[PDB]
Structure formats: structure tokens, C-alpha cells
Amino acid sequence: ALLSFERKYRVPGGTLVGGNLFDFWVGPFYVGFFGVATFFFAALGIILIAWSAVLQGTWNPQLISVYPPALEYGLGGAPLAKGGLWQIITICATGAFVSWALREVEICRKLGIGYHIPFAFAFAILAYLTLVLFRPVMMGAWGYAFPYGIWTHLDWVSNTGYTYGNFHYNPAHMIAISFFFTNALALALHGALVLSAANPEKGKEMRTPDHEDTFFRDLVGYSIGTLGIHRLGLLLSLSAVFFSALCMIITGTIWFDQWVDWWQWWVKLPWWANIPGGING
Amino acid sequence: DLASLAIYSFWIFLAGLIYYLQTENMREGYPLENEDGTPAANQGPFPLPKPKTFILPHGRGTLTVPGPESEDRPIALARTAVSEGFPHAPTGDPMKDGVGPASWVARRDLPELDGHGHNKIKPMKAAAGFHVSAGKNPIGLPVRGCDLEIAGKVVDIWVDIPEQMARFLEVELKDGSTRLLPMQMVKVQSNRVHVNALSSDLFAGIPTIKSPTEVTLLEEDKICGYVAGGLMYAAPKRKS
Amino acid sequence: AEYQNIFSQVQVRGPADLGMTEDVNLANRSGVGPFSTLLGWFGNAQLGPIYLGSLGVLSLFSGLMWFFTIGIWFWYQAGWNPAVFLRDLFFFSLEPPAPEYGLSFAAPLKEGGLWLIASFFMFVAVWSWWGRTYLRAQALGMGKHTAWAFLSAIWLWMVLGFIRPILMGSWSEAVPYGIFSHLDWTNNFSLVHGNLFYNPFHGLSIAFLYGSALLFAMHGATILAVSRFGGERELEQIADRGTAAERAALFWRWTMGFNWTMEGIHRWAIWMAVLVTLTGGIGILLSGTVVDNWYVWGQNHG
Ligand code: BCL
Ligand code: BCL
Ligand code: BCL
Ligand code: BCL
Ligand SMILES: CC[C@H]1c2cc3[nH]c4c(c3C)C(=O)[C@H](C(=O)OC)c4c3nc(cc4[nH]c(cc(n2)[C@@H]1C)c(C(C)=O)c4C)[C@@H](C)[C@@H]3CCC(=O)OC/C=C(\C)CCC[C@@H](C)CCC[C@@H](C)CCCC(C)C
Ligand SMILES: CC[C@H]1c2cc3[nH]c4c(c3C)C(=O)[C@H](C(=O)OC)c4c3nc(cc4[nH]c(cc(n2)[C@@H]1C)c(C(C)=O)c4C)[C@@H](C)[C@@H]3CCC(=O)OC/C=C(\C)CCC[C@H](C)CCC[C@H](C)CCCC(C)C
Ligand SMILES: COC(C)(C)C(=O)C/C=C(\C)CC/C=C(\C)CC/C=C(\C)CCCC/C(C)=C/CC[C@H](C)CC/C=C(\C)CCC=C(C)C
Ligand SMILES: [Cl-]
Ligand SMILES: [Fe+2]
């Protein structure tokens, strides 16, 4: 049950709520008050999904789907079988995610480490909340939220996107994408660079960080460095999600026409708007 | 059809890959132990990977992992409960004893070296051509602890040569001795250096280095462990 | 508040670092470039030196030619007018030859020949760049992880512009060189193959793309959180585990029971990213060649 070096770290303290009451582990897992809260919220949410499944009449995971209320309920409460279960499940999910984050904070404190992890996870929670809470409230109905189902949530992505034509034209979405792709590129380079230094040509000695900086300066003329690459991966990933949330929050609220038509602002600038030829002349 | 063949073959690849990844991540820390240091009965679903050996640069030898694990230091803690899974309380002063968030590992008592075999980290007074290129130069500033009392003054910056970075501040205390502070644990202000993790009376307990111009990997761990430990243990003395 | 180590508080500079030598031909290295204080707040301040070499020159020349060939076409579509070139920059497109010309190289220039030329230059630029990534590591005695990971990205690019088109029997199937037009192409590709959300390789590819952001966020954050114990000196943490590596391991162990080592997390990193384009390339390759319609295929599974 313990790693060979673990015992010295398993000391009392660092909890945010409850003193010593939940200051313990189960196997490898730390509990804390937030571990208890996450378990509660999760078990309740799962139970409600199971209940939704009986109402729908299927136990098949690929068919189970919990839908938000139809648009006619606006932002009010809805009957359980027609959106109410989705509303409660959403509260439970939010409770579980937030609890997971705070439990991470308790672990960080016990260990004496920075809070960067829970802080980063908060960006994922914000994206989820954007889709199920902020956007729907701004648009005036819970029904604009996505359904909980394997394939049905993809049906929602497809239908929501094609409501605005080709969603590729949302400018914030282009930025979000660029960050996602750039993040993956940087992750591959980081993993590969470290490994290539730790596992050199057969029979050679382990390389040093000086070789990592040299490899990149030889290749592209610049090395961000061993500290900088970690700062970069954090920023790229968070920026990707930040722009994701932004691209959705503005869709159906400040902009509700076809995203391709937004670009007309640029082609209709007086200075070249009537100049003939090209594609738009 | 072919697509079906492709997806099934891909899942088999993936299961093999995950198995590989999991076992690679068991090269340190295993086998698992009971709280008393004996081998646990249940080691989990994956077997320990075959040992790999790293050849270290500059004639420092080899490292073979997984291999015999040992703390190689006294651990001043005691059980607080009669069953498994509860916290272990410090039996003395957790900062002095190096337990909890004040922990340190028995790394080699040698300095990390750069790609040429020279000491990676050195006091800026010995690093030819190095200087502060941007931001506030902390040298000469008073150092303030979380109790808002002045504990000393900065007398140098210890720099990573190959990576051109500030790694520690050398701080002189009231008795004229010095100590290293990790740059990631200080806040450089216009008229001072603020240290949230420690109160003024704890600066003298920061572990000392044996040679004035180099720091070993062991020393860095003791120093950094100690400082970070003050976040939990200096607490009574922190005010704001 | 506490310092978070996102930006450096103090920069320090010394003599320009000329780097490791190992088996590198130093005649082919440039001199050092300027130091950027701007960059130095986040990463290393030093610019250069860079390695030139034959492959580098070939790759840069081919690359510039690919780019200029497209640029020439845009100027022509703009009727040589700078105001129209800027206004319509995103709308211009250099399209592959029409389906009529099959896989032939006969197609007239305004009808696809220019696309073929630009593609030729791109082909040379990328593959020579690949050779460079392999040789720069070999000269330093490093493992070839970088070149092998790059090959995964090349796989998707090759499938899109070369392999799928050849197997379909025509260049018309390839991607056009344009900002908006390659987006339109992407949308059309999914519509034509019965919705790519039903292609299992596409779903896997998305899981790895998302998982790459999850992992870099975790990893980036973890190393910053243990940077107070020298955690970003990953190589020496691998050779001689310190409290940074122990604390990182324990964070993940206590949070979700995950096995973690300093070297091991980099293996997760390389594979998470590489699987994005590996799986994606397979998914695209099978589209139209073997599977005409993913919805139909999904209903049956064959
Ligand atoms: C995967 C399915 C589609 C596809 C779907 C999308 C979607 C959907 C989107 C993009 C986006 C982009 N795609 Mg595309 N893309 C495909 C294949 C490619 C290929 C290729 C060689 O195979 C290239 C070069 C591009 C290029 C690009 C960039 C224009 C843009 C940002 C990419 C990025 O962040 O890279 C990160 C990598 C780097 C660190 C280096 C590259 C730097 C960028 C800026 C490239 C510059 C060179 C040049 C192409 C740009 C010219 C502009 C100025 C005149 C210089 N795509 C395939 C065909 N792509 C986003 C965009 O904004 O479109 C407008 C977007 O929303
Ligand atoms: C036909 C569909 C349209 C389209 C319509 C949409 C729509 C509609 C949306 C996007 C959104 C996105 N699209 Mg788009 N998009 C299209 C084509 C593309 C292409 C492409 C190559 O063509 C790409 C690369 C993208 C890329 C992207 C990303 C920018 C973004 C999704 C990531 C995100 O939000 O994560 C954010 C991450 C999360 C929400 C995860 C939250 C996780 C939480 C906090 C924790 C979960 C825990 C869980 C329960 C686990 C517990 C289980 C354990 C077992 C216990 N789109 C086409 C043109 N796109 C989405 C977006 O921006 O959302 C904000 C969005 O809603
Ligand atoms: C992000 C923007 C869109 C969106 C667009 C898409 C698209 C497009 C696709 C997915 C795909 C998936 N999405 Mg989705 N998805 C959204 C919001 C979510 C949320 C959420 C709570 O916010 C969840 C939990 C998921 C979950 C999932 C997985 C079923 C699947 C693989 C994701 C993955 O590996 O991520 C990276 C994370 C990891 C690798 C870590 C492991 C995560 C595990 C695998 C998640 C399991 C969740 C479980 C099935 C549900 C709850 C379990 C119990 C009820 C407790 N999506 C929003 C609406 N999602 C892909 C798929 O194949 O769908 C069929 C796909 O093509
Ligand atoms: C309407 C649009 C369709 C759709 C159509 C497609 C199509 C078509 C494709 C994808 C592909 C992908 N899509 Mg999809 N997709 C949709 C909806 C989504 C959604 C979503 C939330 O709804 C998401 C998250 C995704 C996500 C993804 C990615 C997982 C995947 C691209 C991987 C990649 O890194 O490529 C970017 C990386 C590369 C292109 C490799 C480039 C490598 C080369 C070597 C670079 C050369 C650089 C060059 C020289 C320029 C240098 C310039 C610099 C200045 C130097 N899609 C909808 C359903 N999608 C691809 C795929 O793999 O599908 C299986 C693809 O082909
Ligand atoms: C494993 C998957 C991910 C991945 C990995 C990956 N990519 C890689 C690598 C790896 C491991 C490398 O080693 C290699 C590299 O060297 O990076 C530093 C590479 C690389 N991936 C690149 C881009 C790239 N990778 C991408 C994707 C991905 N790469 C995946 C997400 C994408 C997209 C579309 O998402 C792009 C755009 C290059 C930075 C680099 C390969 C460089 C190369 O082949 O150069 C060949 C040609 C030239 C020298 C071109 C010169 C022409 C340009 C300099 C100028 C263009 C004209 C300009 C003046 C204006 C026009 C430009 C735009 C504004 C239009
Ligand atoms: C912000 C950048 C990216 C990011 C970062 C990130 N994610 C994180 C973290 C970080 C830094 C963590 O520390 C935390 C973690 O511990 O990782 C191991 C986490 C994590 N990210 C996860 C998943 C995840 N992250 C995702 C995305 C991202 N995470 C970003 C792209 C995605 C997707 C879809 O892209 C997923 C699926 C978890 C593995 C883990 C958080 C685990 C957790 O919250 O546990 C508490 C909750 C439960 C045990 C289950 C609750 C059950 C509910 C009550 C009911 C189910 C409701 C649900 C809404 C149904 C949805 C059905 C779908 C089919 C739609
Ligand atoms: C300022 O003006 C001047 C003229 C100076 C300029 O230089 C400006 C130039 C610009 C306006 C240039 C703009 C360029 C872009 C908009 C480019 C955009 C490119 C993309 C979006 C590309 C996307 C996808 C590309 C793909 C997948 C290409 C694949 C290529 C291949 C796999 C190559 C296949 C090889 C072929 C078919 C020929 C092979 C022949 C043999 C003999 C082997
Ligand atoms: Cl990590
Ligand atoms: Fe790392």
C-alpha cells in the first residue's frame, strides 16, 4: 500500500475543512472532506442517471441519454422525466468537479507544493460551466445545453455548429484550434526531447540539459529551455480551453447569424470594398 | 471488413502500449510496502519491469532501476492509529527532522554538473561575465520573513551557468553566516525580498552548505525541503 | 501572494553559449544572434546559433519556393492589385487538378499544374526537414525520438495530400492551398463520407487531442508546482530521484492512484501526442477507399 519513499510524507495537516476528521487515506487514495463530498455527489449523480435510463427504457450505454428541458421551460424547473433529472445531475456533476479541485488543494498543502494543478483544472470546469450554465442562462433556456449521452452529445455538437453554417468560421474557434494543435506539437517535442537525452544512442552516457538546448538551437535557432517548456505547455493548454469557452459564449448571444457572414466586415472596408477583381469583386 | 480489422488491431496495440507505460512508471518506489517497511502482500496487477541501466556522464557511474530501495536516513514519525491509513505524527521538530512537507531525499552529496563537467550552479561572484540583465537586482536588499521582521540581506545570486538562470539567493544573517534561499520561494520587491514560507527566527535553521562556492544535490534537497516546510510549520508565526 | 514562477523575476546573462560539440561539424553553425530580454522573462533569452548544412539549405529553399508559388497564384487571382490581395487574402486558393486529369502531370497550369509544382516543393521541404531532425540528434549522440515523433505528423500530411489521392485515382481528392478553402474542404470531406463523428479513428484522434491538452496542463502544472525543489531539472531527477520527483509522484498517487515516474510521464507525453496523427491518418486513409459512409458502416460495422 505505500511507495518505498512515502511514509515520511504522510503527516497530519493541510486540510481546509474538518481538522483531522477525514485526514486519512484508503489504499493509495487521500480522502479529506472533499473526497467524501466528491463520493456523495458522484454516487447521487450515477443513481439519477440509472433512474433516467429506466424512464427511457434502455440499459444500453450507447443509447442512454439524459436531456435538458425543452426550450419552452425557459430557465424554470422542469418535471423529472422531461429535463428535471438533467438539472439535478448537472448540480451533482458541478459539485463533484469542484470537490475534486478542492481535494487537490488539500493534497498540495500536505505536500508543500504549488497550487498550479487545481488552478489548471479550474479551466476545464469553466469550459463545462460555459456549456451547461453560462451560455444557456444568457440565451434564456436550459434547453440550449448539451445532453448527457455518448452519441447524443456529438449530435448536439453537430446540430449546434450547423445552426451557424460552417462553425470553422467562428474566429475565436480558429484561435482555440490553433492552441490545441500547437499544444500537441509542443507535447510531442517535450516528451521526445527528454527521452532522447535520457536514452541516447546505445552505449553512450546520458545527455545533459546542455545537449537539449543545443539540439533545439541547431534545429531551429532557439531553445526555450527546461523551465520555459513547462510554462509554455501550461499556457498553451489553458489558452486552448479559454478560447474554446469564449468561442461558445459569444455564439447565440452577441452573434447568431452565419459565422461565414461575419467576415464581411473585412471585405467591406471602404478603402477596398468597391475595388474590382479578386474573389469578392 | 478491413476497417473492422483496423480498429480491433488498434485496440490490441493500445492495450499493449498501456501495459508498457504502466510498468515503465513503476521503476521508482516499488515494491510497495506496509507502513512498517515490510513488503506489501498486494503489489497490484502489473509485475515489476526488467531493470534498465543508465550510464551517467563524467565518470559518475551507473544507475539501475528498479533496484534496492532504501530511505538511507532516520524518519522521526510515529503512528497515530492502530490500523493502516492514518497520518504519522512527527516525534520531534518536523522542520529539523526533515519530515512532512519539510522532507528531503538522500540524493548524492555531489554537485550537479553541466555538459562540460563543471559545476552547474555557482555564486555569481565566481561566474565570469554573469550579471543581472533585467528586473530588480536583489543584491543588497534586506530580506523579510512572514513575521514581517528583517532576517538578513542578499549578498549574492547563485546562477545556473548552462541555463542562464537565477536559482538561489545567498542571504547573510545577523551572525555573519549565510544561507541559500530558493528563488521560487521569494518575492523580489523594489525595496526588499519577502519570504512568505519562513519567519525571521527560522532562517538560522536553514541547512548550511559545506563549501562556500558549490552546492551539492543533497544540500539543495535539504534546503528546499526545509523552506517549503515552513508553509505548514511556520504557520503559527505568519500574520498578514 | 506567493510567487508562481510563470514569469522570471530577475534575468541573469553571461557569455553567449556556443553549445555542445560532440560530433557536430562546427563549420556549419552560424554565430550567435542577439539576446531577447522580452523572451527572457518566460524562457531563454539567447537566440541562435543555428545549424545550416545541406539538408537545411535544401529544406529552406524548397519551403520558400512552395510558399512563393502559392503567393504568385494569389497575386494573379488578385489581378496584381495590393488592395485586392489584402482584402481577399483568405479567399484565394490554389486548387488541385480537376478529376478529369486523374493522377497525370499533364494538367495545364491554371488548371492544377501549379498545384502540382507547389506540392513538389512542399514534399521536398518536409522530408528534408525530417532528415535534418534525425541527423541533428545523431551528431549529438541523442536518441531519435524527435524524428520518430515527427514521422507521426508526416503520416497524416502524407495521407491527406499523397497516399489517399493516389489510392482514389486522382489529385482532385487532395487539399487546396488556401485559408478558407482548406476549411471548406474539411467540412465537405465529413459530409461526403457520412459524418466523420461516426469514424472510430476520428473519435480516438479527438480523445488523444483532448488528452494531449489534459496531459500538458497536468505536466506543466506539476513541474511548476515542484520547481521550488528543482523539479524542471528532469534529467538529474531521473538519474538521482529527489524530493521534487517524490512529491510529484505522490500528488498523482494520492489524487487518482496513478503510477508516475519522472522518466515515465515523458513516455505518456510522447505517446499521447503521437497517437493524435497516427490514429487520424488511419481514419482518413480508410475514408472513401474502403468506407464510403461512416454512418452506414457504423450501423453494420462492415
Ligand atoms: C486537420 C484537418 C484539416 C485542417 C483543419 C483546420 C481547422 C478546422 C483549422 C485549421 C487551422 C489552421 N491550419 Mg489547417 N487543417 C489541415 C491541414 C493543415 C496543414 C497541413 C500541411 O496539412 C497546414 C500547414 C495547416 C495550416 C493551418 C493554419 C493556417 C491554421 C493554424 C494551424 C496551427 O495552429 O498549427 C500550429 C503549428 C505551428 C507552431 C507552426 C505553423 C504556424 C502557422 C501560422 C502556419 C503559418 C504558415 C502559413 C500556412 C500561414 C500563412 C499566413 C500568412 C500569409 C503567413 N492546416 C487539414 C486539411 N486547420 C485553424 C485556422 O485558423 O484556420 C484558418 C483552424 O481553425
Ligand atoms: C460539425 C461541428 C463543428 C464544430 C462545432 C463545435 C461546437 C458546437 C463546439 C466546438 C468546440 C470545440 N471545437 Mg469545433 N466544430 C467543428 C470542427 C472542429 C475541428 C476540426 C478539425 O474541424 C476542431 C479541431 C474543433 C475543435 C474544437 C475545440 C476548440 C473545442 C472543443 C474542446 C473544448 O471545448 O474543451 C473544453 C473541455 C471540456 C468541456 C471538458 C470538461 C471536463 C470536466 C470539467 C470534467 C469531466 C470529468 C468526467 C465526468 C470524468 C470522470 C470519469 C472518471 C471515470 C470517474 N472543432 C465543426 C465545424 N466545436 C466546443 C467548445 O468550444 O466548448 C466550449 C463546442 O461546444
Ligand atoms: C469538449 C466539447 C464537446 C465535446 C465534443 C466531443 C467530441 C467531438 C468527441 C468527444 C468524445 C468523448 N467525449 Mg465529449 N464533448 C463535450 C463534453 C464532454 C464531457 C463533459 C462532462 O464536459 C465529457 C465527460 C465528455 C466525454 C467524452 C468521452 C465519451 C469521449 C472521449 C473523450 C476524451 O478522451 O477526452 C480526453 C480525456 C481523457 C483521455 C481522460 C479519460 C477520460 C474518460 C475516457 C472519460 C469517460 C467519461 C464517461 C464515459 C462518462 C461519465 C462516466 C460515469 C457517468 C461516471 N465529453 C463537449 C460537449 N467529445 C469523442 C468520442 O469518441 O465520443 C463518442 C469525440 O469524438
Ligand atoms: C465539419 C468538420 C468535421 C471534421 C473533419 C475532419 C477532417 C477531414 C479531418 C479531421 C481531423 C481531426 N479533427 Mg475533425 N471534424 C469535425 C469535428 C471535430 C471536432 C469537434 C469538437 O467537433 C474536433 C475536436 C475535431 C478534432 C480533430 C483532430 C483530432 C484531427 C486533427 C489532428 C491534427 O493534429 O491535425 C493537424 C496536424 C496535421 C495536419 C499534420 C501536419 C504535419 C505537416 C508535416 C506540417 C507541415 C507544416 C508546413 C511545412 C507549414 C510550415 C509553416 C511554419 C511557418 C513553418 N474534429 C467535423 C465533424 N476532422 C483530421 C483527422 O485526422 O481525422 C481522422 C482530418 O483529416
Ligand atoms: C505528433 C503530432 C503533432 C506534431 C508533431 C511534430 N511536428 C513537428 C515535429 C513534431 C514531433 C518536429 O520535430 C518538427 C519540428 O521541427 O518542430 C520544431 C515539426 C514541425 N511541425 C510544423 C508545423 C505543424 N505541425 C502541425 C501539427 C503537429 N505536429 C501535430 C499536432 C501543424 C498543424 C497544421 O497543426 C503545423 C502547422 C513545423 C513547425 C515543423 C516542421 C517544419 C518543416 O517541415 O519545414 C519545411 C519547410 C520550411 C523550412 C518552410 C519555410 C516556409 C515558411 C518559413 C514561410 C512561409 C511564408 C511566410 C513568409 C508567410 C506565409 C505563412 C503563413 C502566414 C501563411
Ligand atoms: C484545461 C485543459 C484540459 C484539462 C486539464 C485538466 N483536467 C483535469 C486536471 C487538469 C489540470 C486535473 O487535475 C484532473 C485530474 O485529476 O486528472 C487526472 C482533471 C480531470 N479531467 C478529466 C476528464 C476530462 N478532462 C477533459 C479536458 C481537459 N482537462 C482540458 C482539455 C475532458 C475532455 C472531454 O476534454 C475530459 C473527459 C478527469 C479524468 C479528471 C477529473 C476527474 C473528476 O472530476 O472526478 C470527480 C467526478 C467524478 C468521479 C464523476 C462524477 C459523475 C457525475 C456526478 C455524473 C456524470 C455526469 C457527466 C456530465 C456525464 C457526461 C457524459 C458524456 C458522455 C458527455
Ligand atoms: C507577400 O507576397 C509574396 C508573393 C512575396 C508571398 O510570398 C506571399 C505568399 C502567401 C500569400 C502564401 C500563402 C500560403 C498559404 C495560404 C498556404 C496554406 C497552406 C495550407 C492551409 C495547406 C493545408 C494542407 C496541405 C496539405 C495536406 C498538403 C499536402 C502535400 C503533400 C503530401 C505533397 C504531395 C506531393 C505531390 C502531389 C507531388 C509529388 C510528386 C513527386 C514526383 C513525388
Ligand atoms: Cl506530471
Ligand atoms: Fe517535463
Side-chain angles (χ1 to χ4, degrees), chain A residues 154 157-158 160-162 166-191 193-194 220 226 229-230 233 236 244 247, chain C residues 59-60 62-63 66-67 70-71 74 89-90 121-122 125-127 129-130 150-161 164 174-180 182-193 195-210 212 216 219-220 222-223 231-232 234-235 237 248 262-263 265-266 269 273 275-287 294:
Chain A
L154 302 200
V157 170
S158 195
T160 301
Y162 289 116
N166 176 7
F167 210 72
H168 285 153
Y169 286 90
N170 175 336
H173 183 267
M174 289 164 177
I175 298 173
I177 292 182
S178 297
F179 278 117
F180 272 102
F181 287 172
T182 301
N183 174 86
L185 199 191
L187 182 68
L189 292 173
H190 180 60
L193 188 57
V194 174
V220 301
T226 67
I229 193 51
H230 295 97
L236 292 174
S244 294
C247 94
Chain C
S59 185
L60 186 61
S62 297
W66 164 72
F67 194 76
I70 295 160
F74 290 15
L89 194 51
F90 280 23
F121 290 134
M122 190 186 205
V126 169
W127 277 109
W129 192 268
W130 182 78
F150 183 30
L151 194 66
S152 182
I154 285 168
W155 161 248
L156 174 60
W157 164 80
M158 282 284 287
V159 164
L160 288 165
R164 189 183 168 271
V175 182
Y177 306 112
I179 304 303
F180 291 167
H182 92 298
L183 305 180
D184 292 337
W185 182 93
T186 298
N187 182 50
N188 292 150
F189 192 100
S190 180
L191 295 170
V192 160
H193 302 90
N195 190 349
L196 233 53
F197 287 155
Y198 298 112
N199 181 339
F201 285 104
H202 183 261
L204 249 7
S205 189
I206 288 175
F208 298 120
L209 184 76
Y210 294 169
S212 291
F216 222 164
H219 184 61
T222 296
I223 296 302
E232 78 274 20
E234 297 179 309
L235 297 174
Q237 290 279 335
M262 185 71 75
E263 188 186 5
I265 195 61
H266 295 92
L275 286 167
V276 172
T277 45
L278 179 52
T279 60
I282 293 165
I284 297 306
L285 190 64
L286 292 173
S287 296
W294 288 101

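First listed ligand is number 1; within each ligand, the first listed atom is number 1. Letters A, B, ... are given to chains in the order of the sequence lines, protein chains preceding strands, and every chain is numbered from 1.
At a cut-off of 3.5 Å, with distance as the only test, no side-chain donor of A/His168 or A/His173 sits close to an acceptor on the other residue. Of the N and O atoms on the side chains of A/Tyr169 and C/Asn187, not one donor lies less than 3.5 Å from an acceptor on the other residue. Under the 3.5 Å distance criterion, with hydrogens and angles disregarded, a donor-acceptor pair is assigned to the side chains of C/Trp294 and C/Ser287.
For atom 18 (C) of ligand 1, the candidate residues are A/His173, C/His182, A/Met174; the nearest heavy-atom contact is made by C/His182. For atom 55 (C) of ligand 1, the nearest non-hydrogen atom from the set C/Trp66, C/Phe67, C/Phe189, C/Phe74 comes from C/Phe67. Between the choices C/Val175, C/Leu160, A/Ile175, the shortest heavy-atom distance to atom 57 (C) of ligand 1 belongs to C/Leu160. When the heavy-atom distances from atom 35 (O) of ligand 1 to A/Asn170, C/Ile70, A/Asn166, A/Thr182 are ranked, the shortest goes to A/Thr182.
When only non-hydrogen protein atoms are considered, atom 37 (C) of ligand 4 lies nearest to C/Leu156 CD2, 4.2 Å. Protein heavy atom at the shortest distance from atom 32 (C) of ligand 4 is C/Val276 CG1, 3.6 Å. Closest to atom 65 (C) of ligand 4 among all protein heavy atoms lies C/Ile284 CD1, 3.7 Å. Annotation: atom 22 (O) of ligand 1 to nearest protein heavy atom, C/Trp157 CD1, 4.1 Å. Nearest protein heavy-atom contact of atom 1 (C) of ligand 1 is A/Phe181 CZ, 4.3 Å. Atom 64 (C) of ligand 4 has C/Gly280 O, 3.4 Å as its closest protein atom, hydrogens excluded (heavy atom only).
Under the 4.0 angstrom criterion for non-hydrogen atoms, C/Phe197 is in contact with ligand 4. Taking 4.0 Å as the cut-off, C/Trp155 does not count as a neighbour of ligand 4 on heavy-atom distance. Residue contacts with ligand 4 leave out C/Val159, since none of its heavy atoms falls under 4.0 Å from the ligand. For the pair C/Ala153 and ligand 4, a heavy-atom separation below 4.0 Å is found.
At least one protein heavy atom sits closer than 4.0 Å to atom 16 (C) of ligand 1. Protein heavy atoms are absent from the 4.0 Å sphere centred on atom 53 (C) of ligand 4. Less than 4.0 angstrom separates atom 3 (C) of ligand 1 from at least one non-hydrogen atom of the protein. Counting protein heavy atoms under 4.0 angstrom from atom 8 (C) of ligand 4 gives one or more. For atom 20 (C) of ligand 1, no protein heavy-atom neighbour is present inside the 4.0 Å cut-off. Atom 41 (C) of ligand 1 is not flagged as protein-proximal [any protein heavy atom, distance under 4.0 Å]. Protein heavy atoms are absent from the space less than 4.0 angstrom from atom 47 (C) of ligand 1. Remark: atom 50 (C) of ligand 1 lies closer than 4.0 Å to no protein heavy atom.
At distances below 3.5 Å, not a single donor-acceptor pair connects side-chain atoms of C/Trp155 with backbone N or O atoms of C/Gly280. For C/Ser190 (side chain) and C/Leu196 (main-chain N/O), a donor-acceptor pair under 3.5 Å exists by modelled atom type. For the pair A/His190 (side chain) and A/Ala186 (backbone), a donor-acceptor distance under 3.5 Å is absent. Side-chain atoms of C/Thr277 come within 3.5 Å of backbone atoms of C/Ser152 as a donor-acceptor pair (strictly under, hydrogens ignored). Here the side chain of A/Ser178 pairs a donor or acceptor atom with the backbone of A/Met174 at under 3.5 angstrom. With hydrogens and angles disregarded, a donor-acceptor distance shorter than 3.5 Å links the side chain of A/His230 to the backbone of A/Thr226.
The contact set between ligand 1 and C/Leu183, taken as ligand atoms under 4.0 Å from a residue heavy atom, comprises 6 (C), 7 (C), 8 (C), 9 (C), 63 (O). Within the listing of ligand 1, atoms 8 (C) sit less than 4.0 angstrom from a heavy atom of A/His168. Against a heavy-atom cut-off of under 4.0 Å, C/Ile179 is close to the following atoms of ligand 1: 64 (C). Contact atoms of ligand 1 toward A/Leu185: 37 (C), 38 (C), 39 (C) (distance under 4.0 Å to a heavy atom of the residue). Listed by number with element, the atoms of ligand 1 under 4.0 angstrom from any heavy atom of A/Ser178 are 31 (C), 34 (O), 60 (C), 62 (O). Counting the atoms of ligand 4 from 1 in the order shown, those under 4.0 Å from a heavy atom of A/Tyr162 are 1 (C). Below 4.0 Å from some heavy atom of C/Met122 lie the following atoms of ligand 1, by number and element: 21 (C).
Put simply, CG on A/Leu154 and CG on C/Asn195 are 8.5 Å apart, with the number rounded to the nearest 0.5 Å. In this structure, A/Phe179 CZ and A/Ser244 OG are separated by 10.5 Å, a value rounded to the nearest 0.5 Å. In this structure, C/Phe180 CZ and A/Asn166 CG are separated by 10.5 Å, a value rounded to the nearest 0.5 Å. Rounding to the nearest 0.5 Å gives a distance of 13.5 Å between CD of C/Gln237 and CD of C/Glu263. In this structure, CG on A/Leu193 lies 8.0 Å from CG on C/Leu235, to the nearest 0.5 angstrom. Considering CD1 of C/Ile179 and CG of C/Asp184, their distance stands at 12.0 Å, rounded to 0.5 Å.
Excluding waters, the count of protein N/O/S atoms less than 2.8 Å from atom 14 (Mg) of ligand 4 comes to 1. Counting only protein N, O or S atoms, the number found under 2.8 Å from the Fe ion (ligand 9) is 6.
Looking only at side-chain heavy atoms (C-beta outward), C/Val126 and C/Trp157 come within less than 4.5 Å of each other.
Summarising the geometry of C/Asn199 relative to C/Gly283, their closest heavy-atom pair is ND2-O, 3.0 Å, with the distance given to 0.1 Å. Taking both residues in full, the closest heavy atoms of C/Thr222 and C/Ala248 are given as CG2-CB, 3.6 Å, listed atom of the first, atom of the second, then distance. When all heavy atoms of C/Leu209 and A/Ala184 are compared, the closest pair comes out as CD1-CB, 4.3 Å. Of all non-hydrogen atoms in C/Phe74 and C/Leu89, the two that sit nearest each other are CE2-O, 3.9 Å. Among all heavy-atom pairs drawn from C/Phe201 and C/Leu286, the shortest one is CE1-CD1, 3.8 Å. Closest non-hydrogen pair, C/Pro176 versus C/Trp185, comes out as CD-CD1, 3.6 Å.
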Take C/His182 and C/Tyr177 through the side chain to side chain contact (heavy atoms under 4.5 Å, CB included) test and state the conclusion after the steps.
-> CA-CA 7 Å; C/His182 92 298; C/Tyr177 306 112; over 6 Å; no

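Residue contacts with ligand 4, taken as heavy atom pairs separated by less than 4.0 Å, involve C/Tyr210 solely via side-chain atoms from C-beta onward. Proximity of A/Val157 to ligand 4, defined as any heavy-atom pair under 4.0 Å, is confined to the side chain (atoms from C-beta onward).
In this structure, C/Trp127 and C/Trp130 have perpendicular ring planes: the angle between them is above 60°, well past the 30° mark. Taking the six-membered ring where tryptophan is involved, the planes of C/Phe197 and C/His202 are tilted, since the angle between them lies from 30° to 60°.
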